Amino acid sequence: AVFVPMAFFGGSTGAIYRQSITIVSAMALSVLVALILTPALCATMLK
Amino acid sequence: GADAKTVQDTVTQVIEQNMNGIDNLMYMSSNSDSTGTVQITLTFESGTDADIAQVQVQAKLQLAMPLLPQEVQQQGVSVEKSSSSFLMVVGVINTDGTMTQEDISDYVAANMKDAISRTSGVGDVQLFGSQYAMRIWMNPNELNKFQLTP
Amino acid sequence: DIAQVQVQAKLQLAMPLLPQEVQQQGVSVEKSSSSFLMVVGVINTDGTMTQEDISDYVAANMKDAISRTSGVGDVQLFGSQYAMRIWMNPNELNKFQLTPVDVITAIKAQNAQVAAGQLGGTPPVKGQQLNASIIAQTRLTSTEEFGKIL
Amino acid sequence: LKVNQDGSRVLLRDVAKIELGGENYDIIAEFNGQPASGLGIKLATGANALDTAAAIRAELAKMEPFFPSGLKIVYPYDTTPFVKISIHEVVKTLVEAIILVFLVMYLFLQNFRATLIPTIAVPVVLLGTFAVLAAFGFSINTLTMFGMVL
Amino acid sequence: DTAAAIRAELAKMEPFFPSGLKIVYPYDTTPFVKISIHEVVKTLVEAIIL
Amino acid sequence: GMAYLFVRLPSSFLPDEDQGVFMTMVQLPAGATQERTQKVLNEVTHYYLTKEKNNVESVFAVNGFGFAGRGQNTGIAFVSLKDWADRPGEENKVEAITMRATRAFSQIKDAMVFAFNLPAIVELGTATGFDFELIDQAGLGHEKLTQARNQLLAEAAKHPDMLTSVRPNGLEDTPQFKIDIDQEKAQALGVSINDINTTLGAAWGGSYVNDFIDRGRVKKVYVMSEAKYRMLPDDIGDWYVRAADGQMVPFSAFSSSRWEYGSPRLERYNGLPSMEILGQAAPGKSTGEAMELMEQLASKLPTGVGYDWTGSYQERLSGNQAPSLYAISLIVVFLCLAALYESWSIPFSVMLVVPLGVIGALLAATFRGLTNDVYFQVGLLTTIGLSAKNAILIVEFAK
Amino acid sequence: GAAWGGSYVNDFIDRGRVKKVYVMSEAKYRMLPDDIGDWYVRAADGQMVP
Numbered sequence: 451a452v453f454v455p456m457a458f459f460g461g462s463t464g465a466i467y468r469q471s472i473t474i475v476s477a478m479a480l481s482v483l484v485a486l487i488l489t490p491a492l493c494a495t496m497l498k
Numbered sequence: 051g052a053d054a055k056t057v058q059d060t061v062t063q064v065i066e067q068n069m070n071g072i073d074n075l076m077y078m079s080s081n082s083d084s085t086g087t088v089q090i091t092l093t094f095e096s097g098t099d100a101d102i103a104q105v106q107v108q109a110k111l112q113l114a115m116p117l118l119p120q121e122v123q124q125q126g127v128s129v130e131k132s133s134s135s136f137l138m139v140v141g142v143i144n145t146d147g148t149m150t151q152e153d154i155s156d157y158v159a160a161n162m163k164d165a166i167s168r169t170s171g172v173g174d175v176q177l178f179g180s181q182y183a184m185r186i187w188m189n190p191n192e193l194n195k196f197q198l199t200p
Numbered sequence: 101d102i103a104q105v106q107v108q109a110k111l112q113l114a115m116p117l118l119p120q121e122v123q124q125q126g127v128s129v130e131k132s133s134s135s136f137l138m139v140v141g142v143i144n145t146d147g148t149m150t151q152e153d154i155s156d157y158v159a160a161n162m163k164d165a166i167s168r169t170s171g172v173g174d175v176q177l178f179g180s181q182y183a184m185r186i187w188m189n190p191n192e193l194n195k196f197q198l199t200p201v202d203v204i205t206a207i208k209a210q211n212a213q214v215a216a217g218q219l220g221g222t223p224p225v226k227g228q229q230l231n232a233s234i235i236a237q238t239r240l241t242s243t244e245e246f247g248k249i250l
Numbered sequence: 251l252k253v254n255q256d257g258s259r260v261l262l263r264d265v266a267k268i269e270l271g272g273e274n275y276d277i278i279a280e281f282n283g284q285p286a287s288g289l290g291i292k293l294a295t296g297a298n299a300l301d302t303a304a305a306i307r308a309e310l311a312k313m314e315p316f317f318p319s320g321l322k323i324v325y326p327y328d329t330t331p332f333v334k335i336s337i338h339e340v341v342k343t344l345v346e347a348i349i350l351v352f353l354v355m356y357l358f359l360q361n362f363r364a365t366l367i368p369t370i371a372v373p374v375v376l377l378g379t380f381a382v383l384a385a386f387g388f389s390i391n392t393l394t395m396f397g398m399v400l
Numbered sequence: 301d302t303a304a305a306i307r308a309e310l311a312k313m314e315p316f317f318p319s320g321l322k323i324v325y326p327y328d329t330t331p332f333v334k335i336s337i338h339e340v341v342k343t344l345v346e347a348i349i350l
Numbered sequence: 551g552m553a554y555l556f557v558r559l560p561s562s563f564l565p566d567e568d569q570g571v572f573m574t575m576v577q578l579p580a581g582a583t584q585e586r587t588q589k590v591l592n593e594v595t596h597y598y599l600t601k602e603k604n605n606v607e608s609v610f611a612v613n614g615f616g617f618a619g620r621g622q623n624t625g626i627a628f629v630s631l632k633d634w635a636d637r638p639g640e641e642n643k644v645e646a647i648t649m650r651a652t653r654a655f656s657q658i659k660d661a662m663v664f665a666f667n668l669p670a671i672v673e674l675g676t677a678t679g680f681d682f683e684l685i686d687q688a689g690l691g692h693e694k695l696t697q698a699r700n701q702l703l704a705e706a707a708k709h710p711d712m713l714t715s716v717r718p719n720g721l722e723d724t725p726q727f728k729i730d731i732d733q734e735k736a737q738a739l740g741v742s743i744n745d746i747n748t749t750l751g752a753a754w755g756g757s758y759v760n761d762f763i764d765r766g767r768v769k770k771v772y773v774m775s776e777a778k779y780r781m782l783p784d785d786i787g788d789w790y791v792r793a794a795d796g797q798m799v800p801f802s803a804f805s806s807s808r809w810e811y812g813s814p815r816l817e818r819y820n821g822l823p824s825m826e827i828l829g830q831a832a833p834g835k836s837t838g839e840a841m842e843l844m845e846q847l848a849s850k851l852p853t854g855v856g857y858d859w860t861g863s864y865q866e867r868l869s870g871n872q873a874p875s876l877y878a879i880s881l882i883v884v885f886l887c888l889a890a891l892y893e894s895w896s897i898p899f900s901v902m903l904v905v906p907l908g909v910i911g912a913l914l915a916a917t918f919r920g921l922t923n924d925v926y927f928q929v930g931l932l933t934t935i936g937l938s939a940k941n942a943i944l945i946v947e948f949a950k
Numbered sequence: 751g752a753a754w755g756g757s758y759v760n761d762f763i764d765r766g767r768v769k770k771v772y773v774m775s776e777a778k779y780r781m782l783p784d785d786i787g788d789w790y791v792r793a794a795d796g797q798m799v800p
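Chains as they are written, first to last, in PDB author numbering: chain A, 451 to 469, 471 to 498; chain B, 51 to 200; chain C, 101 to 250; chain D, 251 to 400; chain E, 301 to 350; chain F, 551 to 861, 863 to 950; chain G, 751 to 800.
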């Protein structure tokens, strides 16, 4: 809600405040990795 | 040969009042030097396909090539994709079997240049020199001597 | 977009087979829409001018920019742009023994731009101090100047 | 050109000098005060930059072997190595940001296997984001690389 | 949209006109669009109210 | 404080970088020659060789080709600096190298040479940056346009306030050698005006005749004249055309010589004559203010003289843009913080951590001389996302 | 052809803008069939021919 709306850019500052989204594929993958897997690993093994 | 005023309204103007009915376009600019040269830039919207627009801008020309001098027709007209800036600038020199700054520009333009512009998406190549040509330097004193003109 | 081309340059293999009268005239390949939308009338109220004077100013200031503007298919002028119009009297032609061929030759001679070179040329003599462009026959301007053609 | 009265032949050499030289002497370049030409390639308005310049050396590579004596290539003004620095110092930056994250995970949790889950987390996320830009059209830009760092 | 910027180009032309040159507007389609919104979006509102 | 440390913090787009590669451009006055400009291109090549061995690997000078346009009045060297490792300090980096290069060329020379690093960018968005363009909308000529642009360059220079730096693109304006061929004189002696126009044209300027084959490849054949028979005005009469009556006739018979004042580069814009105006917003003001205090100067000019911008945003940079972007970033953030929360209080807690992190971002940026460019604008967005974090954790667990 | 129908000869410059030059005849010398004979071509022997 701060990143993708700021990627509603315009003009020669086109791919400038656009390539957020690059950030967010990464954020939603950090959520994915931390919703899959990290839950697993944590249980799988710690102490 | 043409001066600035000549190119201004023999090539430049003719193409400009025949540069219409084109999808997408913010503005148009142009230069017309005293060297007998002209160059128009038709800028388009952001994210416009340079492929389709490279045509469009031309053959919407052409309805105008017959209205130009026969000197300019046989010369190099061109419609290419621009990028105000170079990237690679491959210098070409001689060390051992020495040759001139004229001899080298011919070999560059008669072996490697033709293949470079063709290679992976080059917009336009600028030769730094000139390709050879059968150059003839008419003496006007040995022209009146036998009663003759150019 | 693609079909506007396609239909043409698949033409053109045919422009050389047409008369030279049609080549120099307005050939065109545009996008159609059997119907107008805006029809901006242009008149005079105070400083009165004719239905001929107005069609020139419309076609020499605003029309060139309209067709170019946001995706216009084709503009139809309602009148005509000005032109150096010459009305050959055939009685004052036989009077001096002459034809319309001699009139056309006189305008393609005196009314013509020429590409003269330049002082201190492109390959100069090392040590020249100036380099200026030479002007030659310039294109004619007014109705008086066409009247004084020999 | 002629055959004057007495059987004498006027030739083109008799009236004019004849050497093989450039078609345009308007420009001539030096490379450290040495006589030289060169190819100043300019980009194509959407082309893939470094990929274009990669195969500029593909075409050029096949030219090298058939050169006359002394002809050697040199490389001024070139953009390729700036790309090579923004990867080997971003992907370097990357690695240093992990290595330092690793020791902060050790100082707070002394467990060696606990300072490991987050070390395996972010390398995986990085990679998936490469695959998303590939599917959405983008490239490994100067921008998007800094986007992995932030 | 095309006819919107027909008045964009035309607007910059007006000021540099000789004496008497005035623009007039016959045969024009723009206001038919303006009616099919201010009487559809009007229709809309009346269908709620009722 | 968060405001004051932001309103005063200056605007920008993208930092100009050391690219291991820069260049410097040459330019000569009123109709200089190939010999004159090459003298300056040698002097330039040595500052980079003799007085810059440690920093410069090579030079690639080019005589008679500027980026302003073309002609034997101009020039351009293409520098290729030694790698970054061998260049250690700030002195040995493009900002400092082009600083004392511009100093040396403005000191011991007498033409016009500069030097400049490379806008990564493209060619635009200098920020506090400008490009007006004077258009001739009416039917006046190039002569009356020259004076109108001189009047707008003069008003700018006579009340700046809050200054401005404004110079033309390159109309310089040099003499041209006109030749009036009286046609009643010509056909009297029996010379065709065809013959005369291809005698003056093919001699002085050249004439592309026909193609031949050199060593397998097709090239061109040109025709002109030895250089010495076409250098000055007196060599016009050396050329003799032939008439119908098989006798020679000099050029001086039908020709008259006289100098004029024309332009070596006529520019146009949208099908009408035009002259480019390259200014820069002042060290005080910034762009939106400078441009609008240039528009009322164009309206104080003679009849049949308008204006139009080129091509100078059309929609860019810090906003205009930014605000509307942030605006929605604020209108959403509250939602999401409610799609997993409920109340009318929870989201406000997160929605005033915003300035906590931001003031520190402004401080460090305002501190070491940087600016609100692209990279600071996106370090901001991450900072609100990392405050959102932390804070949300404080809310989530406590609620 | 150039009398009755017109002939696009060559371009000139009116007030800055390039336009066309045309050649034809005053209207009265090309209205009806009898005005064909009013036009006299010239022959190689320097004398007029209707």
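Virtual Cβ for every residue (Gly too), placed ideally from N, Cα, C.
The C-alpha of residue 172 of chain C lies about 18 Å from the C-alpha of residue 313 of chain E. Contact note: residue 238 of chain C does not reach chain E at a C-beta cutoff of 7 Å; the least C-beta distance is about 27 Å. The stretch 161-172 of chain B makes contact with the stretch 273-292 of chain D; the number of CB pairs closer than 8 Å reaches 3 or more. Selection F:596, F:619, F:586, F:665 evaluated against residue 722 of chain F yields F:619 as nearest (Cα-Cα). Between the C-alpha atoms of residue 928 of chain F and residue 936 of chain F there is a straight-line separation of about 13 Å.
Relative to residue 765 of chain F, the option among B:187, B:176, B:160, B:196 whose CA is nearest is B:160.
Residue contact with chain C for residue 780 of chain F: present (Cβ-Cβ distance below 8 Å to some residue of chain C). With a minimum length of 4 residues, the unbroken runs of alpha helix (DSSP H) contained wholly in the stretch 567-612 of chain F fall at 584-599.
For residue 300 of chain D, no beta strand (DSSP E) encloses it; the enclosing alpha helix (DSSP H) starts and ends at 300-304. Put simply, the backbone Cα of residue 777 of chain F is about 59 Å away from that of residue 785 of chain G. With respect to the 8 Å criterion, residue 793 of chain F and residue 188 of chain B are not classified as neighbours on the basis of their beta carbons. For residue 140 of chain C, no Cβ of chain B is located within less than 8 Å of the residue's own Cβ. If you draw a 10 Å sphere on the C-beta of residue 603 of chain F, you find fewer than 16 other C-beta atoms in it, and that means exposed. For residue 363 of chain D, the residues of chain A that pass the 9 Å Cβ criterion are 496, 497, 498, in the order they occur in the chain. Ranked by Cα distance from residue 61 of chain B, the first of B:73, B:128, B:98 is B:128. Residue 902 of chain F and residue 828 of chain F have their C-alpha atoms spaced approximately 44 Å apart. Comparing alpha-carbon positions, the option among F:808, F:685, F:848 lying closest to residue 816 of chain F turns out to be F:685. Listed along the chain, the chain C residues whose CB falls inside 7 Å of the CB of residue 322 of chain E are 143, 145. Residue 259 of chain D sits in a strand when the DSSP states are folded into three classes. Per the coordinates, the alpha-carbon of residue 456 of chain A lies some 30 Å from the alpha-carbon of residue 832 of chain F. The C-beta distance from residue 872 of chain F to residue 460 of chain A rounds to 6 Å, short enough to meet the 8 Å contact threshold. At least one beta carbon of chain C lies nearer than 8 Å to the beta carbon of residue 306 of chain E. Taking all protein chains shown into account, residue 574 of chain F has 16 or more neighbouring C-beta atoms within 10 Å of its C-beta and is therefore buried. Listed in chain order, the non-local C-beta contacts of residue 757 of chain G below 8 Å within the same chain comprise 751, 772, 773, 774, local neighbours out to five positions each way being set aside. Distance between residue 282 of chain D and residue 113 of chain B, taken at the CA atoms: about 47 Å.
Taking a Cβ-Cβ threshold of 8 Å, the residues of chain C close to residue 274 of chain D are 222, in chain order. Within chain G, the residues 791, 792 have their CB atoms less than 7 Å from the CB of residue 199 of chain C, given in chain order. Between residue 141 of chain C and residue 325 of chain E, the beta carbon gap of about 7 Å places them in contact (Cβ cut-off 8 Å). Contact of residue 310 of chain E with chain C is assigned, a C-beta pair being separated by under 8 Å. Flagged as an interface residue toward chain F: residue 280 of chain D, by a C-beta distance shorter than 8 Å. Against chain A, the CB of residue 379 of chain D has a partner CB under 8 Å away; the residue lies at that interface.
Under the three-state reduction of DSSP output, residue 176 of chain B falls in the strand class.
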